[PDB]
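> Shown below is the structure under consideration.
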Amino acid sequence: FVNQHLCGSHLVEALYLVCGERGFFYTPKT
Amino acid sequence: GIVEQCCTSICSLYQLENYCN
């Protein structure tokens, strides 16, 4: 699932699955 | 940032993991 273009909710969901209990930050404006 | 690395180019696990806490 990771090795593709991931945009919007698709990217959020990838971060969620990968990062698990660590959580993550989603900062689209950098 | 994450959009340039994962949305407008091809994402990787390595780069995703840079955004885990």
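Labeling convention for the structure tokens: chains A, B, ... as they appear, residues from 1 per chain, ligands from 1 in order of appearance.
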Just want the 8 Å neighbourhood of stretch 3-15 of chain B, counted on only C-alpha atoms, with same-chain residues fewer than 5 positions away dropped. Output as number ranges by chain.
A: 2-7, 11, 18, 28
> Hey, can you spit out that residue selection with N, CA and C atoms as a PDB file, in the first residue's frame?

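The resulting file, result.pdb, is shown below:
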ATOM      1  N   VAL A   2       2.117   1.201   0.463  1.00  0.00           N
ATOM      2  CA  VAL A   2       2.977   2.340   0.740  1.00  0.00           C
ATOM      3  C   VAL A   2       3.619   2.875  -0.548  1.00  0.00           C
ATOM      4  N   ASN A   3       3.853   1.982  -1.511  1.00  0.00           N
ATOM      5  CA  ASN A   3       4.767   2.321  -2.592  1.00  0.00           C
ATOM      6  C   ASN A   3       4.007   2.859  -3.791  1.00  0.00           C
ATOM      7  N   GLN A   4       3.294   3.969  -3.578  1.00  0.00           N
ATOM      8  CA  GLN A   4       2.477   4.550  -4.632  1.00  0.00           C
ATOM      9  C   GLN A   4       2.263   6.015  -4.293  1.00  0.00           C
ATOM     10  N   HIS A   5       1.558   6.718  -5.161  1.00  0.00           N
ATOM     11  CA  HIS A   5       1.146   8.082  -4.873  1.00  0.00           C
ATOM     12  C   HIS A   5      -0.002   8.016  -3.876  1.00  0.00           C
ATOM     13  N   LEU A   6       0.160   8.692  -2.751  1.00  0.00           N
ATOM     14  CA  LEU A   6      -0.794   8.680  -1.660  1.00  0.00           C
ATOM     15  C   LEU A   6      -1.182  10.118  -1.356  1.00  0.00           C
ATOM     16  N   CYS A   7      -2.466  10.453  -1.565  1.00  0.00           N
ATOM     17  CA  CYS A   7      -2.953  11.815  -1.432  1.00  0.00           C
ATOM     18  C   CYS A   7      -4.180  11.858  -0.528  1.00  0.00           C
ATOM     19  N   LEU A  11      -3.386   9.089   2.106  1.00  0.00           N
ATOM     20  CA  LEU A  11      -2.127   9.299   2.788  1.00  0.00           C
ATOM     21  C   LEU A  11      -2.325   9.208   4.286  1.00  0.00           C
ATOM     22  N   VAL A  18       0.755   2.494   9.225  1.00  0.00           N
ATOM     23  CA  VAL A  18       2.187   2.324   9.449  1.00  0.00           C
ATOM     24  C   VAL A  18       2.548   2.699  10.879  1.00  0.00           C
ATOM     25  N   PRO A  28       0.339  19.010   5.668  1.00  0.00           N
ATOM     26  CA  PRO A  28       0.395  19.164   4.229  1.00  0.00           C
ATOM     27  C   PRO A  28       0.972  20.492   3.728  1.00  0.00           C
TER      28      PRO A  28
END
> Got a sec: who's within 9 Å of residue A:22, counting only C-alpha atoms, leaving out chain neighbours fewer than 2 positions off, as a list in words?
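After dropping sequence-adjacent residues, the list is residues 19, 20 and 24 of chain A; 20 and 21 of chain B.
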> Interatomic distance between atom CA of residue A:23 and atom CA of residue B:1?
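Straight-line distance from atom CA of residue A:23 to atom CA of residue B:1 works out to 17.5 Å.
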> Go ahead and compute the interatomic distance for atom CA of residue A:15 and atom CA of residue B:16, in Å to one decimal.
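That distance, rounded to one decimal, is 6.5 Å.
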> Write out as number ranges by chain the set of residues from chain A that DSSP, computed on the backbone, places in helix (DSSP H, G or I).
A: 9-22
